[PDB]
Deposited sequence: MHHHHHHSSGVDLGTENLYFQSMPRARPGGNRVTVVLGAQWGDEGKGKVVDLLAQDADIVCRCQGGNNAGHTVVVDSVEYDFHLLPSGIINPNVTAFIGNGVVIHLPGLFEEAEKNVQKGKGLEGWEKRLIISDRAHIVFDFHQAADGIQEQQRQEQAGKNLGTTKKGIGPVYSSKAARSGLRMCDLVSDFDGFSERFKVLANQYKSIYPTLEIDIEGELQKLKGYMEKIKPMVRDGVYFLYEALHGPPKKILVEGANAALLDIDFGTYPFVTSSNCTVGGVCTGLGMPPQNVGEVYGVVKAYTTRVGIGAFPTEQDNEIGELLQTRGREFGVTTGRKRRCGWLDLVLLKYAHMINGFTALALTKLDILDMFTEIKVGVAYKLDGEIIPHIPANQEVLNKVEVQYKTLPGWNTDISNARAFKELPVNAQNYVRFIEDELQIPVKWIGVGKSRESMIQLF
């Protein structure tokens, strides 16, 4: 019974174009949610030329009729949150009254300045994601409910945790009193936004009809359990993280959309079976503009991998796909798709869990004919050339998951919706 949430999840290693899909769906949502992760990825939404940037906040908050909801599974750096919101207010009127439309689950953990600093030091041996999730598991971390209740109690616990980090990282510059004093100011602005998230969501699920959207962060292959460990993030980026990060049961999960780029990218090091460190990869990188916006560094590129897609589907149970950046392939005379894995000369049915073993797999490819035409103006599936249509159908046939959206360009209008 009750409303069933719509979830948008990245199917690969991020940068698939989830924001493009969320943009469309958030236009008629009532509630938009974050369930897991922190603020490590930035996205830009343009309204009347004005470029707003989101990191922790659900991009859907740009719709004036939505309530944005931060779940218990999310980790929150308070200076970062206020900086992000305040900078948006400086850019234009799009976030007018945001404080009235943001609800923060009081069970969310707080990322401290020292967690971010420790993150940098550990990397030497910087959003503080590893450290805050480690403190959470250790039960030493502090939560929003602690900050907004007895500040003496909060302060005592904060000092213990800060001193732990200081004693483990002697080179760590840690301003215990200064951080704590800024938190006093941060606590007073956040208080009205902090509430019981389990009760909030339960009431929204069981009241009148509502469209509730959950914006997944990161992607399936970056999942702490299921991704290419240890080259993963520290949270569950998969569907089960919706349930654990929002405190709602499986029967309230509705549509789960997998955002699948028409070819593959990876940002960091880590196994990448279909990687094309060559002219094919250069062509993908150039046409897909595959580089960090806040770094400039090029992403590793490769062919679509349907073996890893099927794996993400085993875990996530996608109800439909959004296949993005199909237009990148407009210049390809032939396109390869990974369809099977061999290990030591033998076909294997699984994804090797160990990184070094995954590194040894030989991908078996299907070669499909290119269309060699510009599809950027296509607005319906009938307008796509046959070989582009067949590329889409091949993915549908191999995965047995229907494609609901096809991305044919950067703009909002550059999308085909099939049903």
Report the unmodelled segments of the deposited sequence as residue ranges counted from 1. 1 to 28, 154 to 165
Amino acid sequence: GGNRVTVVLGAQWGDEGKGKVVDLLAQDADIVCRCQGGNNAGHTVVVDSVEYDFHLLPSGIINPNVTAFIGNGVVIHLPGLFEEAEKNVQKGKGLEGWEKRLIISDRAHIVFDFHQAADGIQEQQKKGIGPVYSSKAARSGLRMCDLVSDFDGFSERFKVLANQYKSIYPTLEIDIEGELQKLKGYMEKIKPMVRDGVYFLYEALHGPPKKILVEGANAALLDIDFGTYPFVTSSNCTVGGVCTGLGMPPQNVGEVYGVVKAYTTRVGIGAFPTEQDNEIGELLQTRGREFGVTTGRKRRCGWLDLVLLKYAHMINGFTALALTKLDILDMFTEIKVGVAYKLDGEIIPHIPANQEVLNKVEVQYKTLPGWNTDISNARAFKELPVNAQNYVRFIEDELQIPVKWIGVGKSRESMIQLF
From here on, numbers count along this sequence of modelled residues.
Between the two ranges 238 to 246 and 141 to 149, the one averaging a larger CA B factor in the entry: 141 to 149
Mean CA temperature factor from the deposited coordinates, higher in 371 to 379 or in 41 to 49? 41 to 49
Comparing recorded Cα B-factors across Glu96, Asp106, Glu215, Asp305, which one is largest? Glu96
Residue with maximal Cα B-factor (values as given in the PDB entry) among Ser135, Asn163, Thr274, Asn252: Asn163
Tertile call for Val74 (CA temperature factor, within chain, third-based) is the lowest
For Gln355, return the chain-relative third of its C-alpha B-factor as stated in the PDB record: lowest, middle or highest. highest
Sorting by Cα B-factor within the chain, modelled residues only, which third would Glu179 end up in: lowest, middle or highest? highest
Taking the values exactly as deposited, rank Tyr186 by C-alpha B-factor within its chain and report the matching third: lowest, middle or highest. highest
Please place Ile168 in the lowest, middle or highest third of its chain according to the CA B-factor in the PDB entry. highest
